[PDB]
Amino acid sequence: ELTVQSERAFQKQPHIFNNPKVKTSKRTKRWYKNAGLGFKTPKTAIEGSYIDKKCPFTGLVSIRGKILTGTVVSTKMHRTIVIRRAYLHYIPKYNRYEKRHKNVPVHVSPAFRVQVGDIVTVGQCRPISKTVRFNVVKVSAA
Amino acid sequence: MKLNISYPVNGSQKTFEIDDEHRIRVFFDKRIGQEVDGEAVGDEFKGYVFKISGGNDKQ
Amino acid sequence: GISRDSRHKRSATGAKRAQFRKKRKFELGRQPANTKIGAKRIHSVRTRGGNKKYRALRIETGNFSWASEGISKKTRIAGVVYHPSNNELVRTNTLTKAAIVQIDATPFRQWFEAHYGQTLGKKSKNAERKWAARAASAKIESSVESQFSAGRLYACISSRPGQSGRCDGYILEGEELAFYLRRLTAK
Amino acid sequence: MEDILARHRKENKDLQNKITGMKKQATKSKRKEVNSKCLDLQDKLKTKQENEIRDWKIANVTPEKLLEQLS
RNA sequence: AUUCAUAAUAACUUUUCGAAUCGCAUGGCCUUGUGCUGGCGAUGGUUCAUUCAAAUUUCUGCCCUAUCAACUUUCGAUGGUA
RNA sequence: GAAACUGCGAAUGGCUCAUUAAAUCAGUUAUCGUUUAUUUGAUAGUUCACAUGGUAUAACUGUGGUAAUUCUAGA
Numbered sequence: 004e005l006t007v008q009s010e011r012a013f014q015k016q017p018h019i020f021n022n023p024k025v026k027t028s029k030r031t032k033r034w035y036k037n038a039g040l041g042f043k044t045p046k047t048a049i050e051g052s053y054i055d056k057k058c059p060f061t062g063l064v065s066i067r068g069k070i071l072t073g074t075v076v077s078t079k080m081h082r083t084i085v086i087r088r089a090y091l092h093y094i095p096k097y098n099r100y101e102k103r104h105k106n107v108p109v110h111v112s113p114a115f116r117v118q119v120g121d122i123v124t125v126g127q128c129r130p131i132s133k134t135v136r137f138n139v140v141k142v143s144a145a
Numbered sequence: 001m002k003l004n005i006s007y008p009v010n011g012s013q014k015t016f017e018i019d020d021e022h023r024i025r026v027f028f029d030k031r032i033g034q035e036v037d038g039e040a041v042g043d044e045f046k047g048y049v050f051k052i053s054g055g056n057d058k059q
Numbered sequence: 002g003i004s005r006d007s008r009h010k011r012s013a014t015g016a017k018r019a020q021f022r023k024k025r026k027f028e029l030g031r032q033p034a035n036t037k038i039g040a041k042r043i044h045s046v047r048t049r050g051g052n053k054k055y056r057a058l059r060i061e062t063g064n065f066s067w068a069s070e071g072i073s074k075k076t077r078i079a080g081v082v083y084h085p086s087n088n089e090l091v092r093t094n095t096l097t098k099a100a101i102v103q104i105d106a107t108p109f110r111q112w113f114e115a116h117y118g119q120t121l122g123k135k136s137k138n139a140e141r142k143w144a145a146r147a148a149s150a151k152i153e154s155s156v157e158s159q160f161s162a163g164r165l166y167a168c169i170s171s172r173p174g175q176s177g178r179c180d181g182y183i184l185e186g187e188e189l190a191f192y193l194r195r196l197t198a199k
Numbered sequence: 013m014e015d016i017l018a019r020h021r022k023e024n025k026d027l028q029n030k031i032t033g034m035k036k037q038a039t040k041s042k043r044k045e046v047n048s049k050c051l052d053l054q055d056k057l058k059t060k061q062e063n064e065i066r067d068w069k070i071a072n084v085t086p087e088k089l090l091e092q093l094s
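Chains as they are written, first to last, in the UniProt record's numbering: chain W, 4 to 145; chain C, 1 to 59; chain R, 2 to 123, 135 to 199; chain Z, 13 to 72, 84 to 94.
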């Protein structure tokens, strides 16, 4: 997350062309969108230089379906974190509950910066990878 | 061996019972579509030329 | 044949999956095209729902777009010099999407002379009216005009020859151009 | 050098025979396909004989500066 | 919620489609010729929508075992770029 | 109106429970990530002889092959 052109291909937004003939403001043409459902576009998504094809604000994905909440338990991956959701399962014979949990891998854009123990709210997208089906949309801790 | 010979101008056809193996030996080592002269297989078919269109072997 | 289903891989925890089902047809895959250059040969593939798909082998020419001029011309392909995915893919002179390639550049300078009247490298009043009307636009950039003096341009293939059958691309301009020449100059 | 030019004359008379042959044999869907491969059938031959007589004439921009001009 | 629907440009295509098909009733106009128009249907046909579906897919839930405590990554495991 | 060409159907139904332990399945979502014969409703004045253009071929006739198959050859 220190340079933009690290990889072998040229990272650029698709079908967003800055004309070398003209010379105007807005140094690179940066396309962005609001994901909806009251989710705020971060300012560093508008002002940033990362590309991230799978970003919910600057990339080619959409948020629809479930909205989940979790606590980040692993973050050392490249643009992916692993969160944990905890809940109680109810046994009706003993008339009482037990603690269960699920680990969800979720893709993280450079617009957010999260650590271990952060609470994040995520939204469901199309399959990003083998296991990633969600994308983090709002960080609400420190 | 049997020779199913057809004349397409008149559209007629007849099988010939042929014996005396060195008469039909001239048909050997020839391909389908190659033409063959008539007097080598028989002086009754002299002057004629035929085209090999195929056939059936044993079984 | 080539399968595309996720039931044959391991689980996220690392466990083996058992054989639950035979290979269904709707999860099939096919062999790569490996499109070379010269002496065009497109075959047809019958796909799901009909929907014929063009597998291109050994394509020769293609439609390349000049984005800053907003035009596009049918130009031939000389050869691939850089590929971000594999260097053997360069070595076998194969054409895929996003392959850096050299084009012939003659009809582009024909159009430039017809539209602007200036020459690269180094009559009627309607033509003078067009050229005076199209002033302050023959100042494209130094890199592409020096490429024009060289006689070949660097273009990036923007089409998939495997699925579409065409080899279409666009001429490199600006920051992306400089990045690819910085990559291919490394020796 | 004259025999090579005679072979070139044989080459382009065979070429115009080719041109007339699959310009007459074409259909409406297939005419637009052959015309380019008429011109393509011209093109390398239009090159080839030339470097051939360049052999008879033989008988008798780097990427570094391309980076550097931006500076 | 979109680089959506859609539109306009420069073109491009081993170029797709844009009816040489069939049955009943046979009618109106006259410059009266097999002249011109003309009904009810059948079949086919490009694209969009609908329906009958299909394929992937979110969350949560499965019986007995630790005399199974570590498993997965040779040659795919988990993720990124192409 | 037999035969045959063409067009559909034969991927429905019926049977069985061997495999299979987050696999199938149940309730619940999504396709802003796709295919879709058939219906149903819309939808082409723009095209390298047009009182309508070309070619084979089955069915058929006739000659046959092998012990034999829902086998087939030549004309």
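No residue lacks a Cβ here, since even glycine has one placed at the ideal position from N, Cα and C.
Out of the options, point me to the one whose CA is closest to residue i's CA.
{"i": "R:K26", "options": "R:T62, R:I60, R:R49 and R:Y192", "result": "R:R49"}
{"i": "W:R33", "options": "W:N21, W:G73 and W:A114", "result": "W:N21"}
{"i": "W:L91", "options": "W:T83, W:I84 and W:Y100", "result": "W:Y100"}
{"i": "residue 150 of chain W", "options": "W:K69, W:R103, W:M80 and W:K15", "result": "No answer is possible for residue 150 of chain W: the residues shown for chain W start at 4 and end at 145."}
{"i": "W:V135", "options": "R:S161, R:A13, R:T197 and R:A34", "result": "R:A13"}
{"i": "R:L121", "options": "R:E157, R:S7, R:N52 and R:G30", "result": "R:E157"}
{"i": "R:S155", "options": "R:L184, R:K199, R:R5 and R:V81", "result": "R:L184"}
I want to see whether chain Z comes within less than 9 Å of residue i, judged by CB atoms only; does it?
{"i": "R:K74", "result": "no"}
{"i": "R:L196", "result": "yes"}
{"i": "R:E70", "result": "no"}
{"i": "R:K37", "result": "no"}
{"i": "R:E140", "result": "no"}
Chain R beta carbons: is any one of them nearer than 9 Å to that of residue i?
{"i": "Z:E87", "result": "yes"}
{"i": "W:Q118", "result": "no"}
{"i": "Z:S41", "result": "no"}
{"i": "Z:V46", "result": "no"}
{"i": "Z:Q54", "result": "no"}
{"i": "Z:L57", "result": "no"}
{"i": "Z:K60", "result": "no"}
{"i": "Z:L27", "result": "no"}
{"i": "Z:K69", "result": "no"}
{"i": "W:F137", "result": "no"}
{"i": "Z:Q92", "result": "yes"}
Buried or exposed: where does residue i fall if 16 or more other Cβ atoms within 10 Å of its Cβ makes it buried?
{"i": "W:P59", "result": "buried"}
{"i": "residue 221 of chain W", "result": "Residue 221 of chain W lies beyond the residue range present for chain W, which begins at 4 and ends at 145; the question has no answer from this structure."}
{"i": "W:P95", "result": "exposed"}
{"i": "R:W67", "result": "buried"}
{"i": "W:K57", "result": "buried"}
{"i": "Z:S94", "result": "exposed"}
{"i": "R:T62", "result": "buried"}
{"i": "W:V140", "result": "buried"}
{"i": "R:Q32", "result": "exposed"}
{"i": "residue 128 of chain R", "result": "Coordinates for residue 128 of chain R are lacking, as chain R steps from 123 to 135 with nothing built in between."}
With a threshold of 8 Å, establish whether the CB of residue i neighbours any heavy atom of the ligand ADP.
{"i": "R:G186", "result": "By its list of ligands, the structure shown contains no ligand whatsoever, and the ligand ADP lies outside what it can speak to."}
I'd like the span of the alpha helix (DSSP H) that includes residue i, first residue to last.
{"i": "W:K46", "result": "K46 to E50"}
{"i": "R:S161", "result": "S154 to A162"}
{"i": "C:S12", "result": "That residue, C:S12, is in no alpha helix (DSSP H); its beta strand (DSSP E) goes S12 to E17."}
{"i": "R:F109", "result": "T107 to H116"}
{"i": "Z:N29", "result": "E14 to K36"}
{"i": "Z:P86", "result": "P86 to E91"}
Can you tell me where the beta strand (DSSP E) with residue i in it begins and where it stops?
{"i": "W:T72", "result": "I70 to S77"}
{"i": "W:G126", "result": "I122 to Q127"}
{"i": "R:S45", "result": "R42 to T48"}
{"i": "C:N4", "result": "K2 to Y7"}
{"i": "R:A190", "result": "Unbroken run through R:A190 is the alpha helix (DSSP H), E187 to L196; no beta strand (DSSP E)."}
{"i": "W:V139", "result": "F137 to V142"}
Does the beta carbon of residue i sit closer than 9 Å to a beta carbon anywhere in chain W?
{"i": "R:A13", "result": "yes"}
{"i": "R:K10", "result": "yes"}
{"i": "R:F191", "result": "yes"}
{"i": "R:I169", "result": "no"}
{"i": "R:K151", "result": "yes"}
{"i": "R:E185", "result": "yes"}
{"i": "R:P85", "result": "yes"}
{"i": "R:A16", "result": "no"}
According to DSSP, residue i sits in a beta bridge with which residue or residues?
{"i": "R:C168", "result": "R:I101 and R:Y182"}
{"i": "W:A89", "result": "W:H104"}
{"i": "R:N64", "result": "R:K75"}
{"i": "C:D37", "result": "C:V49"}
{"i": "R:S4", "result": "R:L29"}
{"i": "R:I38", "result": "R:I60"}
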